[PDB]
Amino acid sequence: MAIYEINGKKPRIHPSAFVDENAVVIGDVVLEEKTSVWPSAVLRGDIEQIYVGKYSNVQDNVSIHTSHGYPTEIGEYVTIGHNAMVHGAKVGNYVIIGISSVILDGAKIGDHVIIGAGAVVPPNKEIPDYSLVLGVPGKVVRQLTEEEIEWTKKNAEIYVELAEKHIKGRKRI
């Protein structure tokens, strides 16, 4: 994307990662292998670090930030849905963060979790593995089905391929 350093920090971006030139990555941000950051997404690492694990995607118009003492750590095969916002939270592996949802400071999202579109996970809220979270404040309404569990990985894999397609075939006109 448009990539920036701020005072002593430069983003650490794996060569295989896709960062749309219209995305904004600033400071203390780590993007691992096969990650992807889409148009208009903002990863502002000007306070605590923002870490994005392997095979994870940060979709269009998403914002990721932190609070003092609350870094944002994202696991592997994580899908951060369009227009969602993650703030100073810990997100496990195989997690689908719903479109336009919000994850607040201190929250701990387990593995194989789906956060519904528009849901808001309150500060310090701990979400167990295999949970479906809906509402504002977000509640665990039930456990995921086998189909949804397979989807928590599939969604991310689709993006890994999409990222490569953009890396190789995008052309500004």
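Throughout, we count residues from 1 along the sequence that is shown.
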note = Looking only at C-alpha temperature factors in the entry, 137 to 145 or 114 to 122, the higher average sits in 137 to 145
key: Between the two ranges 126 to 134 and 38 to 46, the one averaging a larger CA B factor in the entry   = 126 to 134
note = Temperature factor at the Cα of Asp20, chain-ranked in thirds, falls in the lowest
ask   = Based on the entry's values, in what third of the chain does the Cα temperature factor of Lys54 lie: lowest, middle or highest?
value = lowest
message = Using only modelled residues of the chain, where does the Cα B factor of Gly98 rank: lowest third, middle third or highest third?
response = middle
remark   = Chain-relative C-alpha B factor for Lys108 (record values, thirds): the middle
